[PDB]
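No hydrogens, no waters, no symmetry mates; every other heavy atom, side chains included, goes into these values. Just follow the structure's listing: the first ligand is 1, and inside any ligand the first atom is 1. Every chain is numbered from 1 and lettered A, B, ... according to where its sequence line falls, protein lines coming before strand lines.
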2 protein chains.
Amino acid sequence: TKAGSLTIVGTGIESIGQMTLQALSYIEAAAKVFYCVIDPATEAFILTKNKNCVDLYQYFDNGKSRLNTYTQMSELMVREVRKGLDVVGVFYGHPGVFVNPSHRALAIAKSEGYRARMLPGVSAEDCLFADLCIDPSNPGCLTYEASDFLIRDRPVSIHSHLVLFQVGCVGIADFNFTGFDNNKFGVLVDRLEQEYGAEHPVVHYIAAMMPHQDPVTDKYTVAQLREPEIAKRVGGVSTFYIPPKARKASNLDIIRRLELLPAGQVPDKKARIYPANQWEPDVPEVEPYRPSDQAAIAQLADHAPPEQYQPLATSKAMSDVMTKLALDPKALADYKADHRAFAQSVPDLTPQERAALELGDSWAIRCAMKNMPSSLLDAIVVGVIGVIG
Amino acid sequence: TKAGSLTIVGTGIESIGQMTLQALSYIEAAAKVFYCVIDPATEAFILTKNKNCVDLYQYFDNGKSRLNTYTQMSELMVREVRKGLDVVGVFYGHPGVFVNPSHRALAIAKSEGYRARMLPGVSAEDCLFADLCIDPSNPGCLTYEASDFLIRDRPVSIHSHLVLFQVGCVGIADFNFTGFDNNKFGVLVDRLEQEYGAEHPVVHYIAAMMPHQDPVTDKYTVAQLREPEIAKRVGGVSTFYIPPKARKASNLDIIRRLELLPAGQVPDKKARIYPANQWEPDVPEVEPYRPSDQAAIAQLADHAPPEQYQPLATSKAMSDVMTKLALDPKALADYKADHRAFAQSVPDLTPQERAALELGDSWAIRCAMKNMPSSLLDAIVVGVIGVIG
Ligand SMILES: C[S@@+](CC[C@H](N)C(=O)[O-])C[C@H]1O[C@@H](n2cnc3c(N)ncnc32)[C@H](O)[C@@H]1O
Ligand SMILES: C[S@@+](CC[C@H](N)C(=O)[O-])C[C@H]1O[C@@H](n2cnc3c(N)ncnc32)[C@H](O)[C@@H]1O
Ligand SMILES: [Cl-]
Ligand SMILES: [Cl-]
Ligand SMILES: [Cl-]
Ligand SMILES: [Cl-]
């Protein structure tokens, strides 16, 4: 194993709070940190956690091509990896969602034989699902960059969710500190009219970046986007959500091959599971407490845990070590290098706990931490299967 | 404002480390916690952080409809909200991505006039982007539930990414503790053959759930999925990634309306930005260090910060308060109730810092924490615009 590593992490969107515990731990452990974030409280927070940080944002300039900036950002990181250092790069949101230089730097490091990894983070689309109260599963989700959407004529589906990033800089390859002149926004609006119609809703979304702020969740018709006062509000952190225009019917051949009908009625196209999408045009009110829902709630009084349910049955020493492996990158590296040596130095473990850690396999760790009933083993991670039908 | 609130949060996918700082803080502050997670180290961690927790997983049972379980899960949470308590629900990953009961409970609470919010988390798709080294922006992403994909005959795009959740339980509406009998998996494989061809790649993806584990990133042809030994490996935490089959050309009308050509050549369909997607079939090698890349790197020696760059210029007292607002839900609530009273009780703030906190607006906070050069204001969040073209 060569000296030198690159780990790229995210900060999430809302200042400080949306950073993951592991992103923080890698920032603290790093020899050198390079960052690109867009609020000052997050920047100040990062600087309290490591003594050797560099702001990547200084490599943008007026009329300097963004591609040249991204090549420079990547090279600054990889140069320190080649010197044998543990390097961490930090980007706002998820560091691989609509980001060029992270993928470039990781690919170069990997090709030259260094350790290289991206840790996921909370994206602007993750925030959109939470704030607009929608699930990508119901009824599917298409996600594009707005200029790419137009130039490559990417297809829409009127029966699924549509999410468009970078709607505030249609057709722009450069940078300006004061901001974008979004003079080709009308080209996007023309496309949305063609696909959806002039009276179809478009939601202008901006996630709150400070903890006390509310999100922007402003619904407009496609036609209203042509009004100059409304067009002016779309900027560099704006995303569009376009809800479905209609409900898609079921395929009879698939119903039969999956054996879903006992010769009769599947639910109708608009027999929706509560709650319905509030952004869809002409969406009917769905009943939250149907007779079937009331009967399920009545069964709560007599409920007992099923006999095949596996209750947690662990110890402080075992929960402490599993927490340490997740929150201490040095401890994890030590454990990975020698499972047996590490396991034998952990204080207060029971014999079973020690043995499970020595092996490292999931089933062993599960047996050590959960009580498995006889019922279960006289007959496999089974985590809300979602129902869309 | 009525007493009682519901906040639903996520844990991310990888044990403990992928929880956000704000998710942890709300779990600690809650009067009552309800959770549904699928590894025991995460469960044990949650129980160390609040004294009043209930496992929602005990409401599943063999041959009990999942919809009835979800109605029960929702009702247990909302009952405590109606009593005037601050309630937190916890689901693995992102709590609104392929999850029924979170959306139901939040909608009921909101309709009855209680405070209701979802905090985003790291999803299985977020992990997929990071581990497979792909960006949803290049060249767009379609995301579906596998049974819905089949039953509603949802469209594919051979030029964009495809992600399918719940490929281990095609056509199943119920639960079993030992697991799913995935006997209709061949119906999915038939559809993938029709859309992509028998020799097109499909990546079987399972994100690591413990910190020391590696992810499963196993590429197969569509044809290979019919082999019983391979089909057997697909389970309840399996997701499929299907890469594009071809590159989409540019539209001449849009090129002209966005003014991208000076009468000549736009880059060719396969003149890719480094790095290329390694999962695409017959993808050519892309040069990481072209002459333009070498010239950009040569400019690093003479680089200085641009005159319109805004360096961080804050204080310990200001960074401490902004951190507290993000990490202490009680402090945030106090600040939101009375900006001026809160601001005047914060120790050691400068006059400008105090004034910015009193107002609460983003531009005021930015001025207080960053030095704004004369160059800038003699002429707006501008955070990697991604280039896809
Ligand atoms: C270069 S990308 C970076 C995205 C980021 N890595 C992420 O994980 O969301 C910039 C685009 O992200 C979206 N974005 C960034 N901040 C946002 C916010 N606060 N609300 C909504 N969308 C945002 C916008 O579409 C913006 O044009
Ligand atoms: C009911 S959903 C819940 C998803 C979860 N809320 C999230 O944010 O990803 C279950 C599906 O998520 C995906 N999933 C869950 N854990 C996973 C893992 N470790 N790797 C890949 N996919 C996973 C699988 O497609 C699975 O069938
Ligand atoms: Cl969060
Ligand atoms: Cl029931
Ligand atoms: Cl993370
Ligand atoms: Cl340059």
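With hydrogens and angles left out, the side-chain atoms of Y220(B) and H204(B) include no donor and acceptor closer than 3.5 Å. No side-chain donor-acceptor contact under 3.5 Å links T11(A) and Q18(A). No hydrogens or angles considered: nothing links the side chains of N50(A) and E28(A) as a donor-acceptor pair under 3.5 Å.
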Can you produce the list of protein nitrogen or oxygen atoms under 3.5 Å from a nitrogen or oxygen of ligand 2, alongside each distance?
{"unit_1": "ligand 2", "atom_1": "6 (N)", "unit_2": "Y92(B)", "atom_2": "O", "d": "3.2"}
{"unit_1": "ligand 2", "atom_1": "6 (N)", "unit_2": "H94(B)", "atom_2": "O", "d": "3.0"}
{"unit_1": "ligand 2", "atom_1": "6 (N)", "unit_2": "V97(B)", "atom_2": "O", "d": "2.8"}
{"unit_1": "ligand 2", "atom_1": "8 (O)", "unit_2": "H94(B)", "atom_2": "N", "d": "2.9"}
{"unit_1": "ligand 2", "atom_1": "8 (O)", "unit_2": "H94(B)", "atom_2": "O", "d": "3.4"}
{"unit_1": "ligand 2", "atom_1": "9 (O)", "unit_2": "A124(B)", "atom_2": "N", "d": "2.8"}
{"unit_1": "ligand 2", "atom_1": "19 (N)", "unit_2": "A207(B)", "atom_2": "O", "d": "3.1"}
{"unit_1": "ligand 2", "atom_1": "20 (N)", "unit_2": "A207(B)", "atom_2": "N", "d": "2.9"}
{"unit_1": "ligand 2", "atom_1": "20 (N)", "unit_2": "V237(B)", "atom_2": "O", "d": "3.2"}
{"unit_1": "ligand 2", "atom_1": "22 (N)", "unit_2": "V237(B)", "atom_2": "O", "d": "3.1"}
{"unit_1": "ligand 2", "atom_1": "22 (N)", "unit_2": "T239(B)", "atom_2": "OG1", "d": "2.8"}
{"unit_1": "ligand 2", "atom_1": "25 (O)", "unit_2": "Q166(B)", "atom_2": "N", "d": "3.0"}
{"unit_1": "ligand 2", "atom_1": "25 (O)", "unit_2": "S238(B)", "atom_2": "O", "d": "3.1"}
{"unit_1": "ligand 2", "atom_1": "25 (O)", "unit_2": "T239(B)", "atom_2": "OG1", "d": "2.8"}
{"unit_1": "ligand 2", "atom_1": "27 (O)", "unit_2": "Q166(B)", "atom_2": "N", "d": "3.3"}
{"unit_1": "ligand 2", "atom_1": "27 (O)", "unit_2": "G236(B)", "atom_2": "O", "d": "3.2"}

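The cationic group of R191(B) lies under 6.0 Å from the six-membered ring centre of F149(B) and within 45° of the ring axis, placing it in a cation-pi geometry. A cation-pi arrangement is absent between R66(B) and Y59(B) under the rule of less than 6.0 angstrom and at most 45 degrees off the ring axis.
Electrostatic pairing of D174(B) and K64(B) does not count as a salt bridge here, judged by no charged N lying under 4.0 Å from a carboxylate O.
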